[PDB]
Each structure stands twice: as C-alpha cells, then as structure tokens.
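Asker: Residue numbers (the numbering used here), protein chains in the order written: chain L, 39 to 86; chain V, 1036 to 1080; chain D, 159 to 466; chain R, 246 to 743.
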Amino acid sequence: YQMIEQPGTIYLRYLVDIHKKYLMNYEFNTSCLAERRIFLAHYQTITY
Amino acid sequence: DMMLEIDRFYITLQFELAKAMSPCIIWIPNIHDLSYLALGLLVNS
Amino acid sequence: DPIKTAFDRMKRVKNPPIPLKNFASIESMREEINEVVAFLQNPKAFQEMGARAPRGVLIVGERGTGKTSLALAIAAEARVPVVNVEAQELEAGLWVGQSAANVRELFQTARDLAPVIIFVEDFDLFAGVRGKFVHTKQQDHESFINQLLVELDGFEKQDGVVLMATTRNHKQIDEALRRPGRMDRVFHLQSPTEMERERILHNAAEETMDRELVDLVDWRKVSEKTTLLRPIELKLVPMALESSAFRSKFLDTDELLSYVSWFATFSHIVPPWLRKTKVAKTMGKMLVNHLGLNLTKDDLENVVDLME
Amino acid sequence: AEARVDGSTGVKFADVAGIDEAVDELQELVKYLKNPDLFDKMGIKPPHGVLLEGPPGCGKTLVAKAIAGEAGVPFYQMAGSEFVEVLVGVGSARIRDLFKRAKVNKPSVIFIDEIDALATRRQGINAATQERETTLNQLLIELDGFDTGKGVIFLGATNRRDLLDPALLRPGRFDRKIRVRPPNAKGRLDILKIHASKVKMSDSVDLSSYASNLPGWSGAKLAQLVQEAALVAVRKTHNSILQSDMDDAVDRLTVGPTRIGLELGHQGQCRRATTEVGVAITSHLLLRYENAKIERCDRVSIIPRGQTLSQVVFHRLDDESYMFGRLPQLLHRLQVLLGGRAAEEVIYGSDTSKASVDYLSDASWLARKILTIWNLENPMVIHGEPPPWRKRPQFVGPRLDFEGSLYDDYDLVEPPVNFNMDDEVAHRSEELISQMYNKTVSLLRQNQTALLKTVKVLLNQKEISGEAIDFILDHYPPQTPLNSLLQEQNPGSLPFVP
C-alpha cells in the first residue's frame, strides 16, 4: 500500500485529519494576499 | 397521528444527541431504504 | 401543525445575494417584474385601478440559475415579508384530505399578514399533470389541485398576497394552472448573454478574487469558456480558477497544512491595525516569495485554455 | 351527505345544445316527472335507470340538472368518487340514505356522476375493493327492489361503457341507455351563442366558422375557448372580443402558445419549410388539376408552437365523403403524403433529411392498407396485417382519418401461414410506392418556380396563407424559368394584401 496505489483513502484521511484539528470551523480568512494564496494552494492540494 | 409524533421526537433526539456529541462522525448506511418525515429532517438539517 | 411551523421561518429579506440590477436574462421581461413588485409594495394601488392584479407568477428554468436568488431579489425590491414553504409539508401523506386544510391555513395566515409571498420550490414535483400517478396518489392530489385552484380564484379579493412557484419545465405543469387569473405571469430563464456573463464574471472577480489579479485575466475568453454556466456558478468561478492556477506548480501538502494551522491559531489574536501595518503587508509578500506561490499571468491563461 | 336540495336548479332545457336526440328521448322522462297519472292509468313500467354515456365536457350533468329544473323536482347530486372510502360499509349506508331521502319527496331524481368509479368491472387481465363490491350489491338491491309506481328516476353518468359491469346493463336496473354525442356544427353554433351572451362580443366575430372549423369539441372546450378569448382580450386590454383574439385563443388551445425567439439554424428551418410547402403545393396542385377529393390548405407556419417546430393547417371536410374512400382518392392523398419527400428531392437534389420521415411511414402503411386490409386491387389476398407502428390521428398535420382513422385495422387481420405470398405483397407495395413517388416528383418538379417562391416567401414571413399559395401558383405558371424568380429584387416578397 504505497502512496500512488490509493488516492481516495488519502483524501478521506485528509478530510478526517482536518476534522480532527478543528480546521473546518475557520472556513476562510479574507485577508490581504498571503493567507488567501496559502488557503487556495491548500484547497488545491486537498482534492487533487 | 401517533406514529408521526413518535418518529419526529425520535429523529430530533438523534440529531440533538449528535450535536451534543460534537465533534463526532455520523455514518448513515443504506440510504436506499428511504419516509417523508426523515426526508424533511435531512433536508432541514 | 406544519402551517405554523412553516410560518415561524418568516424572514424580512433586504439584501439579496444577486440583486435584480445584477441578475441576468430579465431585461426582456423586466416590465412584468416591475408590475409584480409594484403590486406587492402597494396592493391598494392595483386594487383601486381595477385591473386584474397578477395573482401568480411562475419561474421556469434550470437548477442553479439563481431562481431562488431571483425570487429573493424580487422580494427585496418589493420590501414585503416572505415565507419559504417546502414541498414536504404540503403532501402530508397520512390522511386523505390534509393537504387542502394545510394550504387553507397557509392562505388564511397569508391573508392576515398580506401583502406576503408564498415561495414554493420544485412545484412540478407535487402539482404536475393529472393522471401520471396510478396507484392511490390520484384522489389526494385531485383535492390538493382543486383547493389550490379555488384559493387562487378569489373573486375580486386582491389582498396583496402572491404565490411564486418554482418548476424546471413548463410542460410538466397542469393545464388548469396555466390559465391567467390564477397564475398570471410566466418568467423563462435559460442562459445569460455574453456581455452579461462578462459583467457577472468581473463582479465576481471584484468581490471574491484578488483585486491585483483581476487585470491579468482576459475575462472575455473565460466568459466564452463559461457559456453553459449560471450566475451563482459565475460567482464561484474565480476562486476555483485561482485554485487551478495554483495547481500548475510543484508543492507539498504538509508545509501548507503547517502554515494553515499556524495562521489559524495566530490570526485569532493579532490586532487589525497590526495587520494593516506596513510590516504585516511586506511580511506576507516575502512569505510568498520564500515559499514560492507567486501567481502569474501565463499560469492563469494556461489554466483557462486548459478548461473546457 | 349534503345532497343539495335545490327547489330551482337554475338551468332549463334552453341551456342545453347539441344534445337534441338525447333530450328528445329524455322528454319522456320529463313527462313522467311532471305528471305520472296518465302514465299510470294505461300501465307503463317506467325505466328504472337511465345511463348517460359520452365524452367528458358534454354536459350530461347539465342535462340531468336541466331535466330536474324543467320537471320542478329536487335534484340529488353526489358523485361516484364520493362513494369510495377506507372503512367498510359506509358507502352502502350512504347509498341507503340517499335512496331513502329520494323516497321521502317523491317524485325525485337520483344522479350519480362518474358511476364507473363504484362500478369498475372485475378485470381479469386492500379492503377498498370489497367496499366497492358491497356498494355495488347495495345499489343493485335498491334498484331491483324499486317499485316503478312511485316515480323515483335514477340517473347514472359515465365516461366509459367498457369498464361498467354488465349486471347494471341488464333490464330492470338500467332500462334506458342514452349516448351523449359531441355536438355537431349546429350544436357547437348554439353552444357558442349561449356562451357568447355572458361575455362582451363584437360584431366582427363570426362564430359559424369557428363552429365548423373545430370538429368534435365538447361544450366545456367551447367554454374554455370563450374564457381564454376573454382573458386574451384582457391581456391586450381590448374592450371586447375581436376576431383576432378569438383566433389567438384557437391557436393557443389547438397547437399551443408561441415561443419567444427560440429558433434553430438557417438550415434547420429551410428543410421544414421546404417539406411543408411541398406538401401544400402538392395538395393545391391536385385540387387544381385533377379535382381530387382532398382537403384545402389554410395556412403554413414554421414558428414553433407547443412541440411542433413547424405546421401546415388543413381544413376538415364533411364526414359523408369519409365513408366510401375510393382508390383514386386514396392515391391522391398518398401523393399528398409523399409531397414532402418530393420537395426534398427536387429542391435539395439528392440530399434529403429526416424531416419527412413520418410522412414516408404514413405512405408506407396506407399502401399496405390499400393492398391487404381493404383489398382494393384485384388479386385476392387471404390475410391482413396489423400496423407495427401506431400514430394517433391528430391536429394540423395531414388528416389520416379519412376512413375514421389510418392506423386502426377493423379487426381484419389473421396470422399468415404461407410465407411466399408475403414477399409478393411486399413487392406490390414497393411497386405502388415507387410508381407513385415518381409521379409526385414528376408533377412537383414541373413547377420549381412556384415551389421555390413559396419557400422563400414563407421563410421571409414565417407564415403563409392558402390564398397566398394560390396567388403564387397563379402568378407562376408551369414551365417558367427559375431565373424569373431569381431576377426579382426580393424573392421573399408578397405583393398581395389579404
């Protein structure tokens, strides 16, 4: 069970991990430029 | 008119318990068994 | 009592998500909307002039076109209270004939609060043509449609209450509901225009995505890539576009997760004026330069021509 | 059970129209109702029950209400769907209560609307069904036990005779069976006169044409005609019903409402226009030259209405010519059916489309009907074959109801045994279809100028009339060059003003 063998379980693991650290109630930042870019990159990395 | 009240109280107790156990994970297997009262509960939830 | 529970969700809509001035595909039908909102704001004006006020307007379109936002904008312009009545409480499938009493109490409470609007979504699900249902679901639906027709046929009693029903197609609705005097106006919303698509896309880029990054995207071709789309999706395009722009480069999950966790813990305490301080403005840009998340023009052009 | 006891029902025999035979038959019931003494002295057994069978909207309930109004007797109305419940035995109790309340004020009339709801046949193709059988048993017991000397006439209105049990059709329960035919031209005329007195009417409306041009329409459908005319005049803010608004209601209820700006490409409309104009031109040419017993073109349109992207309107002829369909009449109607494919083959050369496929299927089936079913040719055939595909007779498109209908065999089919004559029947049908196709293409190809000009004019105007087609045919004689049309400053221009 290497990395590339299963992508769906990795996504579910990331979802439950974000659920664990209370990282979902803070839905967005709406800050100037930096945290928004970091959040967009993170949301990209979550799914694909 | 007694089945609807019992079912509504039961489902709202389940949802209130799920809220009271926050954070929690709710698993609902076999959705295909779904009847109108549970549909209303799910859509308003 | 589903009627009182439904009326307990009363709302005074003042700020619509997409206002009528921003809404698309209404310019060919704006005069009817203006007549309806003029009737809703001042029912006495329509009652005194003697003409048949629009008792019912029906919106037809696709799922997600902003039709609920269109109704919200109509209510906000008319400045009258609204109630969101779902399809579930109407079809109380326990006793044969409870739907008639349900909508009777609905219209009774609407008359005591008139001018109000009954907003019902997915209207063709419960009030379609007669005869499509064979097993046991004919008599209750017949009583429902007869009660609805005789309630919409109030003899010259224009209390100011109007019913906006929402369907997907205009053929699935019964012919008895299609006659004027019960359901007067029909509002067809299929797709916006190219200039209106461009305007909504630019407004979305001006209210959601970076104001520095709005000129780097030629929005004309993005509009030509979103012809089949809808205004709420026209609003949600820019953040997904920025995400797909960030997709191009090579980056790791855990560094982003650590930075997200640090900012989520630390942004709860930092003062606003310390954020607007020039130090915090120049700290973020060096963070982006060091981490390597600069979003360029050619990235977003390759993204927009990569899509379909 | 609030059976309305009305001393005056509000309608009389002057309110019914087009039901002349049935009301003439029910005049005997009215005579029995007003004074039964001369009936009793000579010894008549009056009909225990009278069953009104007919299409919906024909006013059978109105007929019974008028009978009670003219007779001056209480009218007891409660529908068949009011006899269905969940609990058992309540419906029979309601039957008994209604019957005894009828026996209180003799004479009286009992009327049950939609009697087939309680009288569904036990088809051999919950406890509610047992309730239906018990209500039927109670009703038949009360009907059979009714002495005829007390003058309580029971009326039953039904929409379908097939699902009603034959036990009630037995004499002694339903002695009289009256059919309520849809109103004729004079009947629809009188219904239009009655319904036009309620709404404001202008002198420009000629209701005779509307009565003649709307065949088989029920009284409730004429009521919705005049009501939608009133609502259209309200929409147009007209002070009265104009002829334009009445025709607007006609096109709203027959073919449907006009859409807004929903058009396909310029190629998607040229083919439909060519097909419909070719059909119209073949019909007009067959009327002009050989004097066929076929219909006449009213108007041709390519504006989408309802779910038809284009339409050609044909008048309906008198039914007396719709019984002995001769071979030449069928051949000319079949040429009219292939007129569309003739148009595609002459205008586009050899690249036809799918817009004329339905007419091809109709022609192919009526060739078989000429050959096998009617046996109009004279090699004798042993069997007929049912249609593999069935399309109902319908609106403005080609009539296909000259013998009542096209896709209805009159139970003239048998299973075949010999499979060597089936191919000879197929070859005969192919020969007939091919020969007829060459004749219709030859006749239409001789007039390319009129066809092309009509196509261009209809494409420019999005609608043409039969008189405009006739004017184009007269102003474009056969064997004139296409360059005469092609040198005009506007091929899609109509200098004729209706």
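Note that beta-carbon positions come from the ideal geometry of N, C-alpha and C, so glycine has one too.
1. In chain order, what residues of the same chain lie with their CB nearer than 6 angstroms to the CB of residue 228/R, ignoring the 5 residues before and after it?
2. How about residue 440/R and residue 397/R: do their beta carbons lie closer than 7 angstroms?
3. Quick check on DSSP: helix, strand or coil for residue 321/R?
4. To the nearest angstrom, report how far apart residue 688/R and residue 694/R are at their CA atoms.
5. Go ahead and label residue 227/R buried or exposed: buried means 16 or more other beta carbons lie within 10 angstroms of its beta carbon, across all protein chains shown.
6. Take the Cβ of residue 142/D as the centre, count every other Cβ of all protein chains shown within 10 Å, and call the residue buried at 16 or more, exposed below.
7. Can you have a look at residue 342/D and say buried or exposed, based on whether 16 or more other CB atoms are within 10 angstroms of its CB?
8. What are the residues that DSSP puts in a beta bridge with residue 402/R?
9. With a threshold of 16 other CB atoms inside 10 Å of the CB of residue 237/D, please say whether the residue is buried or exposed.
10. Is there contact here, the segment 68–80 of chain L with the segment 437–449 of chain D, by at least three beta-carbon pairs under 8 angstroms?
11. For the candidate residues 61/L, 46/L, 86/L, whose alpha-carbon lies nearest to that of residue 417/D?
12. Using a cut-off of 7 angstroms between C-beta atoms, extract the partners of residue 251/D located in chain V.
13. Just mark residue 259/R as buried or exposed, buried being the case when its beta carbon has 16 or more other beta carbons within 10 Å.
14. Are the segment 511–528 of chain R and the segment 476–489 of chain R in contact at 8 angstroms, needing three or more beta carbon pairs?
15. Taking the alpha carbon of residue 475/R as the point to measure from, which residue in 493/R, 623/R, 458/R has its own alpha carbon closest?
16. Quick one: which chain V residues come within Cβ less than 9 angstroms of residue 244/D?
17. Within the 7 angstroms Cβ cut-off, does residue 338/D reach chain R?
18. Taking the C-alpha atoms as reference points, what is the distance between residue 386/D and residue 349/D?
19. Taking the C-alpha atoms as reference points, what is the distance between residue 580/R and residue 681/R?
20. At a Cβ threshold of 7 angstroms, is residue 421/D touching chain L?
21. Looking at the C-beta of residue 476/R, does it have a partner C-beta in chain D at a distance below 7 angstroms?
22. Taking only three categories from DSSP, how would you classify residue 707/R?
23. List, in order along the chain, the chain B residues whose C-beta lies closer than 9 angstroms to that of residue 76/L?
24. Where does residue 470/R sit, in a helix, a strand or coil, going by DSSP?
25. State the DSSP-derived secondary structure class of residue 299/D, mapped to helix, strand or coil.
26. Taking the DSSP output, what are the residues bridged to residue 409/R?
27. Tell me the DSSP secondary structure of residue 440/R in three-state form.
28. State the Cα-Cα distance for the pair residue 497/R and residue 559/R, rounded to the nearest angstrom.
29. Return no unless some Cβ of chain D is closer than 7 angstroms to the Cβ of residue 83/L.
30. Using only alpha-carbon positions, find the residue among 195/D, 161/D, 459/D that is nearest to residue 380/D.
31. As a quick exercise: from 1057/V, 1037/V, 1077/V, pick the residue whose alpha carbon is nearest that of residue 1066/V.
32. In chain D, what lies closer than 7 angstroms to residue 1039/V by C-beta?
33. Strictly below 7 angstroms CB to CB, what residues from chain D border residue 57/L?
34. Note down the Cα distance separating residue 233/D from residue 171/D, rounded to an integer number of angstroms.
35. Evaluate residue 431/D with the Cβ neighbour count: other Cβ atoms within 10 Å of its Cβ, from every protein chain shown; 16 or more gives buried, anything less gives exposed.
Answerer: So, to answer that:
1. No answer is possible for residue 228/R: it lies beyond the span of chain R, which begins at 246 and ends at 743.
2. In this structure, residue 397/R does not lie closer than 7 angstroms to residue 440/R by Cβ.
3. Reduced to three states, the DSSP call for residue 321/R is strand.
4. Using only the alpha carbons, I get a separation of about 13 angstroms.
5. Because chain R in this structure spans residues 246 to 743, residue 227/R falls outside the shown range and cannot be described.
6. One cannot answer for residue 142/D here, as it falls past the ends of chain D, which runs 159 to 466.
7. Within 10 angstroms of the beta-carbon of residue 342/D lie 16 or more other beta-carbons, which makes it buried.
8. Under the DSSP definition of a beta bridge, residue 402/R partners with 297/R, 358/R.
9. It counts as exposed.
10. In this structure the segment 68–80 of chain L touches the segment 437–449 of chain D; the number of beta carbon pairs closer than 8 angstroms is three or more.
11. Considering only alpha carbons, the answer is 61/L.
12. Under the 7 angstroms cutoff, chain V gives 1071.
13. Result: exposed.
14. They do not touch, by the three-pair rule.
15. Of the candidates 493/R, 623/R, 458/R, the one whose C-alpha sits nearest the C-alpha of residue 475/R is 493/R.
16. Ordered by position in chain V, the residues that pass the 9 angstroms Cβ test against residue 244/D are 1075, 1078, 1079.
17. So yes, residue 338/D belongs to the interface.
18. Residue 386/D and residue 349/D have their C-alpha atoms some 7 angstroms from each other.
19. Cα-Cα distance, rounded: 7 angstroms.
20. Chain L, which has a Cβ nearer than 7 angstroms to the Cβ of residue 421/D, makes this yes.
21. Chain D contact via Cβ: present.
22. DSSP places residue 707/R outside both helix and strand once states are collapsed to three, so it counts as coil.
23. Going by chain labels, chain B is absent from the structure shown, which instead holds the protein chains L, V, D and R.
24. The three-state reading of DSSP puts residue 470/R in helix, counting H, G and I together.
25. Three-state DSSP puts residue 299/D in a helix.
26. Paired residue(s): 365/R.
27. Residue 440/R: helix per DSSP, three-state reduction.
28. Put simply, the backbone Cα of residue 497/R is about 17 angstroms away from that of residue 559/R.
29. In terms of beta-carbon proximity, residue 83/L lines the interface with chain D, with at least one pair separated by less than 7 angstroms.
30. For the residues 195/D, 161/D, 459/D, the minimum Cα distance to residue 380/D belongs to 459/D.
31. Comparing Cα positions, the closest option is 1077/V.
32. Among the residues of chain D, those whose CB is under 7 angstroms from the CB of residue 1039/V are 252, following chain order.
33. Neighbours of residue 57/L on chain D: none; closest Cβ ~13 angstroms, over 7 angstroms.
34. Each residue's alpha carbon lies about 7 angstroms from the other.
35. Taking all protein chains shown into account, residue 431/D has fewer than 16 neighbouring C-beta atoms within 10 Å of its C-beta and is therefore exposed.
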